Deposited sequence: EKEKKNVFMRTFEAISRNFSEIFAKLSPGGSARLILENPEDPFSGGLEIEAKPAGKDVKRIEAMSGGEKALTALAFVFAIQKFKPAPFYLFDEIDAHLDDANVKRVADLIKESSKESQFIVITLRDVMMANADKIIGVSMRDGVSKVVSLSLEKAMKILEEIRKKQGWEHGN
């Protein structure tokens, strides 16, 4: 029972990591395959041209991407009618944002996704964009074109 759930979530993880990190591979590994309940579950990942390492030893961006593939693998195993992500892309490395935004875009053909983001690639792929500003907050439905000027305005004041 534990094992059937584990293999399905591990399979999802390795496949999603592979799609978000081209030429990369990763595995969830039981610390005690024999007696699983007496050990933990480690994450080992290997981006192209890198040696295998456990999560904590990776780069900031690698850690964010790996954690994210892990949450996406659990979500695919037990889906919900909607997803709400708040700045999950902020700490990613640039090269990785587009694969995240493409994956979200395609699973949205089937579920609802609400993503709070400051990334043009995320924005461009959305069916709809909402802008928020302030004290009192205000919300407005936006076109990509004005959404894109507002982003450029924000990035100028805040950077990365």
query: Stretches with no C-alpha atoms in the model, relative to the deposited sequence starting at 1; finding: 1-6, 141-142, 169-172
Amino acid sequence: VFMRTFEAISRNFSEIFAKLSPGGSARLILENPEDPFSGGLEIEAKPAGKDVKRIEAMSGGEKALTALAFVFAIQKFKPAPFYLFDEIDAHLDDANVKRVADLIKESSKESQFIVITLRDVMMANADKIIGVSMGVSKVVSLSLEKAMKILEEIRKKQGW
From here on, numbers count along this sequence of modelled residues.
query	finding
Mean temperature factor over C-alpha atoms, higher-scoring stretch between 26-34 and 46-54	46-54
Between 8-16 and 136-144 (mean CA B-factor, as deposited), the higher	136-144
Top Cα B factor in the deposited entry, candidates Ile129, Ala67, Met122, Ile116	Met122
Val100 by Cα B-factor - lowest, middle or highest third of the modelled chain	middle
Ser59 - which third its CA temperature factor falls in, relative to the rest of the chain	highest
